[PDB]
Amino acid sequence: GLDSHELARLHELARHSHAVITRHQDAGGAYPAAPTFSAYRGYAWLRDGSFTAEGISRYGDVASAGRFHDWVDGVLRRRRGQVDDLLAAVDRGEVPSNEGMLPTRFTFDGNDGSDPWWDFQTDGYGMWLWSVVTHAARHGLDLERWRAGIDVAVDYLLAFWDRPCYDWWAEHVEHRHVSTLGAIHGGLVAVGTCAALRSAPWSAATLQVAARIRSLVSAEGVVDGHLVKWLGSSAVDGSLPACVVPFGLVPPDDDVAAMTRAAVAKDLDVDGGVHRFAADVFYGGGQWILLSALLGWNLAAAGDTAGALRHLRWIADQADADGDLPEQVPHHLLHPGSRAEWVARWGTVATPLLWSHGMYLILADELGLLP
């Protein structure tokens, strides 16, 4: 599907993606989100980091991916007491406030980097379980290395999966977001179907809760045959294809998968660049590299290789002179009047965004194009 010109350029962007991720990996193992972007510098997310780690794992850098899982594991084991206290509070009928939950941003030394009253999210813990299990399966590794951290994440998610929280985009705390529910499902099915974890005390519970998640999405998260942004909405979100691949609510050839890819393409995909959601005003609502990669990945998995390649090509066209991939680009803006104030307040768009490069690596790998 590619000529030598394209292949050379895609191979170089893959090599550069591995380099930029591993060069900026913190000494303690964390992947940063964006080392030069004002609002993200100094922090790590489990969401960004897990997809970054999956790209690196597919690339074959076992060492780098493993240091990220080490970091996450250690951060989570340090929260064993906090999670036990939350669970005890629940058992007393004293449901903890958002302000007491596990964080979204982490500092590189594992402390809260943001106050979860303002950005409480549960997806990243689900993504990490999916990522570490997938990595260990790929490379034949013993999960006992990371098991006590896995136990913290599983205990937390089994208790709090059905709580309203902010979405992947740190918005709309009162709602329950289908790509958040999807991320949690992916992580729970990963550990619940992992033979190395067959004797864990939570083994069966993780598949029962994953089924509960699918019940909720079936009841309130599907409209006109497609997934929707949050339970009880009609709109779509560019994150929704993650609920198919990799998180597995439905197979790639399911009608809901096809209809969801179609709805995202129709409502959010302009010339290969995928918007987050129609109402998005963040930097005017630009086109996100990681969402184009996510749609491309899902198209590849469904057998639409040409569609996958079209999105891969669009991403490659957004690399700057150094090969760096931005968070988003403004070739099409949903709400152009809103862009200037964001640029003024936080500066020019995050570049490189490590998650952009991680997703690039995943899609390139799916298409058999790693050098």
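Throughout, we count residues from 1 along the sequence that is shown.
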Higher avg CA temperature factor (275-283 vs 206-214, as deposited) belongs to 275-283
With B-factors read from the PDB entry, the higher C-alpha mean of 222-230 and 91-99 is in 91-99
In this crystal structure's PDB entry, the residue among 63, 53, 46, 344 with the greatest CA B factor is 344
In this crystal structure's PDB entry, the residue among 29, 32, 337, 326 with the greatest CA B factor is 337
Residue 67: CA temperature factor from the record, placed by chain third, in the lowest
Residue 117: CA B-factor among chain residues, third -> highest
Of the three thirds of the chain ranked by Cα temperature factor, residue 266 occupies the highest
Quick tally, chain-level thirds of C-alpha B-factors: residue 195 sits in the highest
So, residue 186's CA B-factor, relative to its chain, sits in which third? The lowest
